[PDB]
Amino acid sequence: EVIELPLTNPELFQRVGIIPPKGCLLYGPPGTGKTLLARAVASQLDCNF
Amino acid sequence: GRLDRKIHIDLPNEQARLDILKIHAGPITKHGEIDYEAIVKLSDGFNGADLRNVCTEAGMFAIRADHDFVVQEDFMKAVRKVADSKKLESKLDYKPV
Amino acid sequence: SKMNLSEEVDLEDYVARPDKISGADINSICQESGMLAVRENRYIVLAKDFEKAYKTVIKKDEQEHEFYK
Amino acid sequence: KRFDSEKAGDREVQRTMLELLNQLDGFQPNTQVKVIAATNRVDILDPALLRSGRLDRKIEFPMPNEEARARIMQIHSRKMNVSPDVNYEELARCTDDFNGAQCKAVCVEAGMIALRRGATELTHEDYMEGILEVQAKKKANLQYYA
Amino acid sequence: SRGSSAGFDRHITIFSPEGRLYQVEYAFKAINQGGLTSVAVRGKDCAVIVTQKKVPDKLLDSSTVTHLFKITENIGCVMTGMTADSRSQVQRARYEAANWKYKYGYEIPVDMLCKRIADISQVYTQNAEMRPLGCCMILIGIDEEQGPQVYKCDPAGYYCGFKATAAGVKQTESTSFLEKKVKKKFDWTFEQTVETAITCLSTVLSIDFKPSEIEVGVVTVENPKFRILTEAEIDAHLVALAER
Amino acid sequence: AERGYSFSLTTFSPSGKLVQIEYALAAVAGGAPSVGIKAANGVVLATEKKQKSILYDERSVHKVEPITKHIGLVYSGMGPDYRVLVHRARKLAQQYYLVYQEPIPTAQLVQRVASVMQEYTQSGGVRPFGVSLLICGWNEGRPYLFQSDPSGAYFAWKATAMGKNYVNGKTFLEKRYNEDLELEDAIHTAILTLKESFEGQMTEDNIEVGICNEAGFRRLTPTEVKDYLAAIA
Amino acid sequence: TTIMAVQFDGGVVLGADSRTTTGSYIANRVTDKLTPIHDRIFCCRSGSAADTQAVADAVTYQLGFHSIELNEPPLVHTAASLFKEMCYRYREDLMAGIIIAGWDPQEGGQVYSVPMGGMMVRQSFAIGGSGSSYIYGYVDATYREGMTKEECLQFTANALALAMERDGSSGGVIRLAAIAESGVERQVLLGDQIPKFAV
Amino acid sequence: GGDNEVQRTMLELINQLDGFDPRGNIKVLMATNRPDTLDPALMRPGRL
Amino acid sequence: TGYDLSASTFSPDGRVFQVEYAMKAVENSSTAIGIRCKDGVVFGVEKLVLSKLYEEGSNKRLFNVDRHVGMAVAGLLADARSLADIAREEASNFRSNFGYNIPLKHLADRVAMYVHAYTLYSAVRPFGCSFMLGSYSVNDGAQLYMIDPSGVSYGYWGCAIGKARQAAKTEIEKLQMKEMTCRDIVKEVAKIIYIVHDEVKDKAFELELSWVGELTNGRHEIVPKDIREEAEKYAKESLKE
Ligand SMILES: Nc1ncnc2c1ncn2[C@@H]1O[C@H](COP(=O)(O)OP(=O)(O)OP(=O)(O)O)[C@@H](O)[C@H]1O
Ligand SMILES: [Mg+2]
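Chains as they are written, first to last, in the authors' numbering: chain A, 147 to 195; chain B, 293 to 389; chain C, 350 to 418; chain D, 294 to 439; chain E, 2 to 245; chain F, 1 to 233; chain G, 1 to 199; chain H, 290 to 337; chain I, 5 to 245.
This is the structure in structure tokens:
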């Protein structure tokens, strides 16, 4: 919701009257899938990464 | 403003542990790993990767006994083994943002 | 005022509650609440979205203080 | 990597540590290069350098018991001439809390006591005085209150 | 200032240069060591306790793992923390309660039986000779002239009267869920209360329970005895909360 | 079980200071603001009540206790240490009342409560108490306001503050206190000088007030305080 | 004073009379000498009025503390043993005839006599006090093994009615109490309900 | 990171009298006066 | 640093370290298993013989705490014999004042509460000793409790203590036991012991067993010699096969 959605349809946020958020922090105890999660994003979003 | 989201990825839950095990255990040849509920019940404190270990360990007992398949004990032992060293091997603390 | 409002925002509730936040934190609240409207496919924001947005980024930063002094 | 206080920290070993943590995970996981890591104070390690994905199977070394000591001394004796007098069963029970490094040292010391005495064989008496030597023990010359 | 050490001050219970007792700020971290959470909700006719019950094995008997203790006949309470310290403080409650009845002849109010658990804890704060107990008692019980009541007393002493509290791992998360259901305000019948308690614990942990995963202690004004609900009665409320 | 330690933990430093009492005074200065104002026919003891949700029941505890028919306390600092001193005071008052059949004078009670707090800076294996008591009382025709410190000292005041921002409040009081006030401001002026250190909106269940006139000490009912909070009374 | 406890199958039937003499002046003519020790265990205090009260209270204090630590309805034999320990240690100071009888969930109704000395013995029916002397015959002829709750509530009435005609330290109303698994059915006989044997 | 710098130097000394490194034929004296302080892995036979 | 020198010191973590260590002194002892069936309790100790010089079947780890209450211990043995006397002393003051054999639910809570009083002060050292109390009565059935250094007691259907705590809890989970007569359990216990023992880490062992159940009429004994042999023959056969 912070990577794809407002990278495709920025207009949805101008109608509300805000600006999409710039940047996520994945944090949490080791081994829980923080790198695997970005691995999944990189396989799919289709743009420079 | 600089970083707008604080996504906290937490330790797996009851459903979760199960889904991860099922994702990992799938590729293992077997005769019916039917007791997932004791496995999920013992595997507390297990993070995504430590369930990835359990499914391997269960494999290793098979390679040791020289089977071409695992069984329901292989995954029962592996959870006891991993769970001993996981507790032994240093305490993990939550670091909030 | 630059975004869509509720019929009743009661911004006075969200000014009283906490007791230390920045001009950036605030601007982040509104960004979040609005962003909850985009999930809900609603044009404007609502009085519930702006209450979860305030607990998401502000109340998160509010921890435990010992209650015996 | 638990340091964080704002004045000191080190924050140098830590970075080249986080390089090691992204050679065991991230990117392509290395599957053609195994990693054996040895330490003797596993308690001061960073949790992110244990769990699975890094050090997976964790072998503890238990400090030899009685039977192991007997095989450990008997392994370093073969290099030299020992009488058939020696009784490894007894020596092993004689030592206690010894490591493979100390049992090793015993044989070393026995041979050193046979070098001084002027013989070429180890008797059961040399090993007994080696144990007294390689065993930490201060010069307590009041040990006459039995 | 700013956290400095007075040498000894993290090993006994004496003031730091800041103006705090590091030894008591630690004994609170024991409560969360337990790993359990307990909610308590006050109605207008009844007070409810609901506790997560975690049987780790198939070996442990399930009827001797409980956290709900009968202190009087009109005072229950739930113990969170180090299980050893807990049982040690419950034993001490029962003693005071029955010592009270023996000296004054009208069984003890829930008010005072906390005030005494609180003051015993306070001594362990003030001396260096021992640590404080690492647990946290929540008492409930019907008062003869103020309706039902809920009290919670901490390892330091400070104890207070509540409308809804929690204690343990999700002690912050719960009190954010509860205070929303308190400023709205309802009738708070007997079925209202049990409803608010289970749905709070069930959502903050995400479990959605089986009757064998919670124990529910409750005390009504019609019948002031402290019951612990069996699995049969607990299930009637869980499938009623799955409908609604 | 145990025996107990025997050696004092309050010790002199090379300075000539008793570091433990110096620190226990810094705990006092973390506590909730409290003001005291001797009138000319009563004493007012007002205090910023503690709470941090809407779940707390703001009538199950009291920061303004009665010690006797003619005595009162509020405190500033650790809440457990306050229930200990309130309880050793109420017993002191009852030994005094049991021997002379006469309510304990207020000069007396403060001088004894202080000697209990002095005992914990020179006893084995204890830390000093973490509170300052403000003791009002009205005996022998007059009002009295005292204040004992975790040290053990005590000073009669004509009006004072303790707790958080007690240097701003002693200044604010220094000007606004002109003797010969009526009892009813000391309330008004007291409540004002809580406000010079309090952030938020004051209500009838958020502060606690106690007066102390010839008729005897009494805590003010919630209704009663709501009226003085017309900020005009 | 006379106190009496009989044992039938469901439970027990206690019976006392109300009159605390102090020499030849009567101090209280409606005294309650059937004291609840717990929920289904009663004691009948006789002998020194001030000694028994202290002991009774002291056993309640221990017995109630004791039942909450086990979470079980205490046994009658337990609340007996506690009077036994009490009356024997202080057999110099005191002077207390007790009669503990109650209904147990695992031994039936029971009656235990604890006389002046601190002896303890179980009995089918017991009988004590100062007026008990005068009814050892009537109570030995008329009792037969096996009764119903309705043959006992009339039995003790008749007994305590004889013991009040002859003793001087007995009189007033009769208090009975039937203790069964059900609960406790306390009743008072006064005026004409008190059986009569005049001749 | 107390003494984390000095400590790491010692691990290097330890490591070169006991690692894999067979090592030539060099003897080693160590004269302390406070042996109570030396790390156990520095003290045990086969290095001293 | 200085959070382990005292039982009276929480650590910053949140946990008393001196109790942690005690429990690790248990883990370095031989293994003892308890297993409660529906009409008795059977006890099993894996007593190592460290020389051929100790007399056979002597210096047991199976106490009688009362005439109907076994106590099988693991951990540092000196402190064990100390508890076994505090417990005998409690289960005597209870028969004195209340006049009837003490109920095991209570004897446990009282011996745990006594262990707990030793983790509070700095003037004493927490016991290095976990142990199980078994018991049988005809008004309460079999009950089996287990205490540890912390001062925690928990009802159990089976449990184990000592250096093979993990391997033995498996064998009992893979065993039905709410349906077996006492007589059948003893065979299981022997078989479980033999499995969990390593003769590549220890020399040999003597197998100690204890009834307490319907067989003996609510007393607690040690299993008679003949039935002990039968349980050792049926245990070598399940290791052959
Ligand atoms: N939530 C999960 N679901 C499925 N698999 C997982 C999950 N978490 C971890 N794994 C498995 O564990 C392996 C390693 O976990 P991963 O590297 O994602 O943890 P991490 O959070 O990046 O660790 P660190 O915090 O040390 O960087 C992955 O390759 C994956 O197969
Ligand atoms: Mg990662």
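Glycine included, every Cβ here is placed at the ideal spot set by N, Cα and C.
For G:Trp-103, three-class secondary structure by DSSP
strand
Within this structure, are the beta carbons of C:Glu-381 and C:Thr-405 separated by less than 8 Å?
yes
Less than 8 Å between the C-beta atoms of E:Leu-61 and I:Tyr-158, yes or no?
yes
Consider the C-beta atom of F:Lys-226 and the heavy atoms of ligand 2; say whether any pair is separated by less than 7 Å.
no
Shorter than 8 Å from the beta carbon of A:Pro-152 to some beta carbon of chain B?
no
Between B:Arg-344 and chain D, is there a C-beta pair that is closer than 8 Å?
True, the Cβ-Cβ gap to chain D drops below 8 Å.
Indicate, with yes or no, if ligand 1 has a heavy atom lying under 7 Å from the CB of F:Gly-200.
no
Assigned exposure category for F:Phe-217 - 16 Cβ within 10 Å defines buried
buried
Throw me the rounded Cβ distance for the I:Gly-132 and I:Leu-80 pair, which I believe falls under 8 Å.
4 Å
Cβ of B:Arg-344 within 7 Å of any heavy atom in ligand 1?
yes
Is any heavy atom in ligand 1 found nearer than 7 Å to the beta carbon of D:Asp-318?
yes
When you compare the CB of I:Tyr-25 with every CB in chain F, is at least one pair closer than 8 Å?
no
Nearest by alpha-carbon distance to I:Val-200: which of I:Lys-109, I:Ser-154, I:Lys-167, I:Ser-15 is it?
When only C-alpha atoms are compared, the closest one is I:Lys-167.
Contact criterion: CB-CB distance below 8 Å. Does C:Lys-408 meet it with respect to chain E?
It does; some Cβ of chain E falls within 8 Å.
Any heavy atom of ligand 1 closer than 7 Å to the CB of B:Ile-315?
yes
Would you say C:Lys-397 faces chain E, with C-beta separation under 8 Å as the test?
no
Flag G:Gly-97 as yes if its beta-carbon sits less than 8 Å from any beta-carbon of chain E, otherwise no.
no
From the DSSP output, in three-state form, read off I:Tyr-149 for me.
strand
beta-carbon D:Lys-294 near ligand 2 non-hydrogen atom, thresh 7 Å:
No - ligand 2 has no heavy atom lying nearer than 7 Å to the Cβ of D:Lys-294.
When you measure from the CB of B:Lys-387 to every non-hydrogen atom of ligand 2, does any distance come out below 7 Å?
no
Name the chain G residues that come within less than 8 Å of E:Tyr-23, Cβ to Cβ?
Under the 8 Å cutoff, chain G gives no residues; its nearest Cβ is about 36 Å from E:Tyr-23.
C-alpha gap between G:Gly-168 and I:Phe-98, whole angstroms:
43 Å
In the segment 304–315 of chain D, which residues sit with their C-beta less than 7 Å from some C-beta in chain I, listed in chain order?
none
Alpha carbon to alpha carbon, what distance is there between G:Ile-3 and G:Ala-16?
4 Å
For ligand 2, list every residue whose C-beta falls under 5 Å from any of its heavy atoms, going in chain order.
A:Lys-180, A:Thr-181
Taking buried to mean at least 16 other C-beta atoms within 10 Å of its own C-beta, is I:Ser-154 buried or exposed?
buried
List, in chain order, every chain E residue whose beta-carbon is nearer than 9 Å to that of B:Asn-339.
The contacting residues do not exist; B:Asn-339 stays about 16 Å from chain E at best.
Straight-line Cα distance separating E:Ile-143 from E:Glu-74
11 Å
Give me the chain B residues within the contact set of E:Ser-207, using Cβ-Cβ distance strictly less than 9 Å, ordered along the chain.
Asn-305, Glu-306, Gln-307
Out of D:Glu-383, D:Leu-314, D:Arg-334, D:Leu-338, which one is the CA nearest neighbour of D:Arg-347?
D:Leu-314
Alpha carbon of G:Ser-132 to alpha carbon of G:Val-12, nearest angstrom
19 Å
Figure out for me which residue from F:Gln-201, F:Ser-197, F:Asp-185 has the closest Cα to the Cα of F:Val-209.
Taking each of F:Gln-201, F:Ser-197, F:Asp-185 in turn and checking the Cα distance to F:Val-209, the smallest one comes out for F:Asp-185.
For a minimum of 4 consecutive residues, which ranges assigned as the alpha helix (DSSP H) are wholly contained in the segment 106–137 of chain E?
111–127
By the 8 Å beta-carbon criterion, what residues does the segment 155–176 of chain A contribute toward chain C?
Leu-158, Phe-159, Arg-161, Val-162, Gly-163, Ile-164, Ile-165, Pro-166, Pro-167
What ranges does the beta strand (DSSP E) occupy inside the segment 10–88 of chain I, keeping only unbroken runs of at least 3 residues that lie completely in it?
36–40, 45–53, 66–70, 73–79
Cβ of A:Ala-186 within 7 Å of any heavy atom in ligand 1?
no
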